[PDB]
Every structure is written in structure tokens, then in C-alpha cells.
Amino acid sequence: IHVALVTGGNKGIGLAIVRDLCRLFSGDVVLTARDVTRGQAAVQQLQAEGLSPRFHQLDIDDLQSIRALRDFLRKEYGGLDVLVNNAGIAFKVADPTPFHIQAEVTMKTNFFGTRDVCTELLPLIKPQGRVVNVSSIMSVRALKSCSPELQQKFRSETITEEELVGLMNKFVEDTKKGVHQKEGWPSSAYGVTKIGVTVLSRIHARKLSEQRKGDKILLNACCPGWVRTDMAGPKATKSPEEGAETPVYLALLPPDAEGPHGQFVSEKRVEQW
């Protein structure tokens, strides 16, 4: 039995991705959520629409929670076909929380939590599997505002995961020390975490090509657009159903497709990083 899984599945874009996968994906779809009550309520919402998602708890900030999910997927399915890393957090527009606190809080979940899910679950991905990391067009605004030296580092085709980890930790520590402008950083803390998600996706796509050549796995970062969810607000352009389109596209690329792979994709089109 084939299996697809979405992180941060109880609301927002992640719930919409789950719904579309329940309609389209040939196999089981696992809705995950950090809070069991909110995950179960979202499964009941989808069951009221005629769909049958499975549920498993997952808090991407708890490595034990990630490992419990890893063990469940190995036991029940022998691995994983589709992984959508959707979970993320942000501060509201004009939120008065100090910039160094926004940096530490956003970085912990959006970069290091997503990275731990990839560390634990990438080895489970089966041939013809797809992995989708939900990034944001805020990563482009952040990248363009970096110093030219940071832009070169973040665009490099040879950067390692450990080098990227050093940069993400350096951003957080530079905000605490009050030196992030002199050190070449932009001034959106969420946007730097999404630079991290985009570059992590590039590194992981290169690793899959080098080490799993022939297994036909495709891994991409994506931008869902501005979507009416609790992260954003009712002015946002897209419904959750519309925001889900590009992630669903990337999750369901036909077997044997040669790409996109390692791309940063918006409205189903590759953007130059």
C-alpha cells in the first residue's frame, strides 16, 4: 500500500493538501498534527466530506515524536512514498516581539524542525517517491536583501547541509548580539528560515541524485502564494484549496518524470534561485 503524509495537516494549507491527496493519491494519506485533538477534528472534517485520511501525531520540534512516526511508517508501510513538509510558523505583520526572539522561535521550527523530519524520513522514501518542502516567496525578498557574500553562499551549488546549519545558527546568534545588519543579514527572520528551507531542499535533491541515482525520486521546494489561513489573514489572495495546488502538483509528479528536481517552484513553474 502506497502512503503519503503531510506535516501541519490540521488546518491551513496542510489540511487542503491532505484533502487533495485523499481525492487523488493512489494509496493511504496520513494527516499529521502536533495536537492530537486538532488532528482528529480535522480527520472528522474530511470524513464529513466523504474522505478517509489516516492520522498520526507529529510535533516536528520533538525528535522523539519524529522517530515514533518513522518507526510507524517502517512497521505499517515499509517506508514512505510522498512527504509534504508543510508545518511552519511566523509572527504577525508588525508584531512587536523583539527581532532576536522572532529569529530564535521561527528558526527552531521552520528550519531545524523541518530538517529533523528530513533527516529521519528521507531514508524511508521509496523509488518514484516525491518530497515537497513548503517554503515562501518571502525567501526571495530575504535573499535579495542579503550582502553579496551571503547571496553567493546561499546560491552555491556545492554548499553542504553542515555549512547551511552554520549559516542558520549564525543568523540567530547575530540577531542576539545586535550585529545582524553589519553581518549582511536581511531583516525578516521568517524569510531567513525560508532561505534555509529552500537551500536545504537544493542540498537534499543533490544528495538524492548522487546517492540514489535510478530511484526516480523528485524533491522540490515550493511557494504556495499568499493564502487565507491563520498565518496570514482574510485579505490574502488565495483560498487554502488554491494554496495547495503547487504542493499537490509536486507531490503527484508522474512516475519516471525527470523533473522538476531540486527546484524552487511557484504556480507550478520553476523560479531561478
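In case it trips you up, residue 1 is the first one in the sequence shown, and so on. Under this definition, the rigid core comprises the largest set of C-alpha atoms superposing within 1.5 Å between the forms.
- Here 87-95 and 156-164 are scored by the root mean square distance of their C-alpha atoms in 5 other deposited structures of this protein, with each structure fitted by the rigid core; the higher score goes to 87-95.
- Farther on average from this form in 5 other deposited structures of this protein lies stretch 97-105, the comparison being between 97-105 and 132-140 by RMS Cα distance after core superposition.
- The PDB entry records a higher mean C-alpha B factor for 229-237 than for its counterpart among 59-67 and 229-237.
- For the segment pair 185-193 and 107-115, the entry gives 185-193 the higher mean B-factor, averaged over Cα atoms.
- Of the candidates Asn220, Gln44, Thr246, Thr32, the PDB record gives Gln44 the highest C-alpha temperature factor.
- The entry assigns its greatest Cα B factor, within the set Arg212, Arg54, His204, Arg38, to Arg212.
- Sort the chain's modelled residues by C-alpha temperature factor and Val3 lands in the middle third, per the entry.
- Compared with the other modelled residues of the chain, the Cα B-factor recorded for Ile125 ranks in the middle third.
- Among all modelled residues in its chain, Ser145 ranks in the highest third by Cα B-factor.
- In the deposited entry, the Cα temperature factor of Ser156 places it in the middle third of its chain's modelled residues.
- When all modelled residues of the chain are sorted by CA temperature factor, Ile13 is found within the lowest third.
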